[PDB]
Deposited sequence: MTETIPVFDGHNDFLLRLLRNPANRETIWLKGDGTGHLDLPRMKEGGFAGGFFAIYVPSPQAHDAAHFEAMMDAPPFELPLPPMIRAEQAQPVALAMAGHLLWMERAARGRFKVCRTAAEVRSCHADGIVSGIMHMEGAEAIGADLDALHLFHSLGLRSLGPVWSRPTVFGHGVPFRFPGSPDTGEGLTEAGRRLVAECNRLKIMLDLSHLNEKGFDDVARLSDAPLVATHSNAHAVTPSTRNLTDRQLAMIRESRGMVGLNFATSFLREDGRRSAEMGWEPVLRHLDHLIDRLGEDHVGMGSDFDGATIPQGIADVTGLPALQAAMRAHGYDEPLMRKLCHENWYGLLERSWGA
């Protein structure tokens, strides 16, 4: 009675980027490192998720990395998109890249692992947006305009604790064009990493539900990466969605990276998000393979232990199902049509 989980964000693709020669083993067998691979997804009741294409750069605060332009980002983003299509070839029907809400739901029914092509940081898209149309043809259905790094579209938050997400300038003209064009193409915009001014611009300009695929409650942990109550109110009004990030740095009240922590911070964030957003607007946004996560979860096979903790906390079965997958599926329908 593990409930299948659909997840808001993972960086498994980055592992294939860094060791392409070993891709067969890492994806199909596992290489005994990291949080994810196909057998462990199955063992832990991972139903699918958004798979990020993320172009990497070469009290605390990390400096912002330099901007990467489309010429340098494009080959890396193509490499990662190429690995995601390869995963589907190699898994011979047990994994499917989905481009519609109906496809996600059919995978769920069929026990086929679903994947949504997601871009975290829009460096591979030029200010002209021509590449946005190309990526959309390839299957891209979700885009975070920024990572924690300046782009031609706007600005992401630096990693800092404690601090407000109001960390810099809002969207550029090109970023405002990017919102309008993702709305028209029905590409879900992802606000995670975006700074508060950029968030405000999206809230003002987008005609679609506001989404943060992997961010927690700033009221609970004041990381610059978490969402204030004001931002949560805006997400709620838009009938949007927030995916809970399993990064220890965004869960612990002290904002420390340490994995030595119990279920209380996880439940504290989940309670706060559910309380403010509503039961229909919260899900999982693990950041599997992109963060250090609680020792209690450890990797994707830790999802059943997380559910057991949520159950013990008193979340009823209908709410467990919404939190594990149903809320994401309804969000996809509200964002893309269904």
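Enquirer: Could you sort out which parts of the deposited sequence are absent from the coordinates (no C-alpha) and give them as ranges from 1?
Expert: Holes in the chain trace, numbered from 1: 1-2, 61-75.
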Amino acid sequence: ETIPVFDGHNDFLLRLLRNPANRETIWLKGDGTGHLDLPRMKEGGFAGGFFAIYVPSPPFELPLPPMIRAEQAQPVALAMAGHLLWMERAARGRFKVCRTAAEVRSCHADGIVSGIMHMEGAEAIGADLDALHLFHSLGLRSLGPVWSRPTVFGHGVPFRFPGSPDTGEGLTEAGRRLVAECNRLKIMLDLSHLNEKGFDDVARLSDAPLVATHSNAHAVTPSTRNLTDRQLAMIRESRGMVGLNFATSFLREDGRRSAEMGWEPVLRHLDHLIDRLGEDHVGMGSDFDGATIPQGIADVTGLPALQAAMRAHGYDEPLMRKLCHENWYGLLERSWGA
From here on, numbers count along this sequence of modelled residues.
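Enquirer: Mean CA B-factor: is it higher for 259-267 or for 164-172?
Expert: Stretch with the higher mean C-alpha B-factor: 259-267.
Enquirer: Which is higher in the entry, the mean Cα B factor of 250-258 or that of 179-187?
Expert: Comparing 179-187 with 250-258, the higher average CA B-factor belongs to 250-258.
Enquirer: Among the choices 148, 224, 215, 114, identify the one whose CA B-factor in the record is greatest.
Expert: In this record, 148 carries the highest C-alpha B-factor of the candidates.
Enquirer: Given 300, 273, 67, 284, identify the residue with the highest C-alpha B factor in the PDB entry.
Expert: Result of the comparison over 300, 273, 67, 284: 67.
Enquirer: Comparing against every modelled residue in the chain, figure out the third that the C-alpha B-factor of residue 35 lands in (lowest, middle or highest).
Expert: Its C-alpha B-factor belongs to the lowest third of this chain's values.
Enquirer: Going by the CA temperature factor in the PDB record, which third of the chain does residue 49 belong to: lowest, middle or highest?
Expert: Its C-alpha B-factor belongs to the lowest third of this chain's values.
Enquirer: Thinking about Cα B factors across the chain, which third does residue 128 belong to?
Expert: Its C-alpha B-factor belongs to the highest third of this chain's values.
Enquirer: Mind checking which third residue 322 falls in for C-alpha B-factor across the chain?
Expert: Middle third of the chain for residue 322's C-alpha B-factor.
Enquirer: Based on the deposited C-alpha B factors for this chain, I'd like to know if residue 3 is in the lowest, middle or highest third.
Expert: Top third by C-alpha B-factor.
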